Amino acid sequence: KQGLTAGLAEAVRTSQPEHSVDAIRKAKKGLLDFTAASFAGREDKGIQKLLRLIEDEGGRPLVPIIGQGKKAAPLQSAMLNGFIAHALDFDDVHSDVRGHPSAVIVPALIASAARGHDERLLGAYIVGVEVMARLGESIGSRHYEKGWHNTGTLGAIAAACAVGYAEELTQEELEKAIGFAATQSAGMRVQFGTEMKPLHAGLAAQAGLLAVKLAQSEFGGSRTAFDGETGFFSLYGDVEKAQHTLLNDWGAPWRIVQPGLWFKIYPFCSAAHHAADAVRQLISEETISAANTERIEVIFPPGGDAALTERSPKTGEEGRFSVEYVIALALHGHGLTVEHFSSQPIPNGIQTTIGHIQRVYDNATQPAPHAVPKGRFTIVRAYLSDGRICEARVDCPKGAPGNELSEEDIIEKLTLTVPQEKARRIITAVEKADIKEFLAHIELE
């Protein structure tokens, strides 16, 4: 009669992710996307606030701060590197997680790898994603609806499990590490729209790393924190659901492959990517523009735009969650790029165009079987001068599983910030599973 805590600890401990060629390939691509997203945010001012904070605390310079040209202590690095990866909303997402797995897991593993077992990082990454996906599937819808932020609340446990795999924790050590992570698990969706939201990823990475370090120190703790009427799932979610779903069909195929990580080509809310692809198609094929369009209708399935909470953004940052701003920015001839999603105010011409973009809801159109997320689509319809219309539909955006990034796409995202030579050195280190060389290259200056 094995409880959920022991069940998860055993599944993690005895995993053999390196036996899956596809999962290893996907983990290498994940390291490259994580690096690209972190580099693209290297000038974000929140990073400097956090660097001044940890410099005031002090710490041994052991782990690189990605893209920042310095090192810091392991737990400090986990906080910093999680924030950096998530700061621009340019990092990866996972449909099971309903959140951002690599921004939590990879910082924890970077801190572990800088200090041993780096030969297990890729496998640990696969296992970490496996846990976070399954936690997201198991916790229940009410968890997010009530106000918890999955990236934070499930990230600490997933990071503890990834690092626990990497460091070859015993069954008892891993059970305790899971409980040490669960008893720190936190993060509130009220922080959305502020830089505390990406900081949740760093604090979750830090909490999971601390959980492993406590277990390795022989610190005492519960071995059954998932179990019972006061266990983690009863407290934060749906324990019946977790009992049915958490461990079923563990591993191959790994969740990092199926349903798979989605690597973003746009630095804004994944829920706007369909519209972004569609309007770009219309601008390319039909030469539409803000000047020649009277107005726009954006068609979602009911609830498809729930994450796009900004209908009248004033800032590029607020515009990250506005399908109106995404479409209007493209119609005005601008790239859907990092520089246009900052705290600077949206110019008045684009705001005028935003006022001519409306959302409508279509409960009859059947989503495509390969849609990401499942059941999602978006149609963009432009109204031109003489009553003419044109439309484009996207169900699986570029970068999502089923519409994967090309070789060249990965290189392009990496070279947003660094020369071609740097990006190629990074790619080669990752291809060779040379984690020491990877870590050396991603520090930058």
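The first residue of the sequence shown is number 1, and the count goes up from there.
### Message
So, looking at the entry's B-factor column for Cα atoms, which has the higher mean, 256-264 or 308-316?
### Response
Per the PDB entry, the higher value belongs to 308-316.
### Task
Take the C-alpha B-factors listed in the entry for 200-208 and for 68-76, compute each mean, and give the stretch with the larger one.
Per the deposited B-factors, the answer is 68-76.
### Task
Tell me which of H356, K176, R189, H86 tops the list for C-alpha B factor in the record.
Spelled out: the listed residue with the top C-alpha B-factor is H356.
### Message
Maximum C-alpha temperature factor per the entry, among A40, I411, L31, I379, belongs to which one?
### Response
Within the set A40, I411, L31, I379, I411 shows the top C-alpha B-factor.
### Query
With respect to C-alpha B-factor, does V394 fall in the lowest, middle or highest third of the chain as deposited?
For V394, the deposited C-alpha B-factor lands in the middle third.
#### Entry: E167 - Cα temperature factor, lowest/middle/highest third of chain
It belongs to the middle third of the chain when residues are ordered by C-alpha B-factor.
### Task
Classify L4 as lowest, middle or highest third according to the C-alpha B-factor given in the PDB entry, relative to its own chain.
It belongs to the middle third of the chain when residues are ordered by C-alpha B-factor.
### Query
Lowest, middle or highest third: where is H143 by C-alpha B factor in its chain?
CA B-factor rank for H143: middle third.
### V418 - Cα temperature factor, lowest/middle/highest third of chain
Highest third, going by the recorded CA B-factors of the chain.
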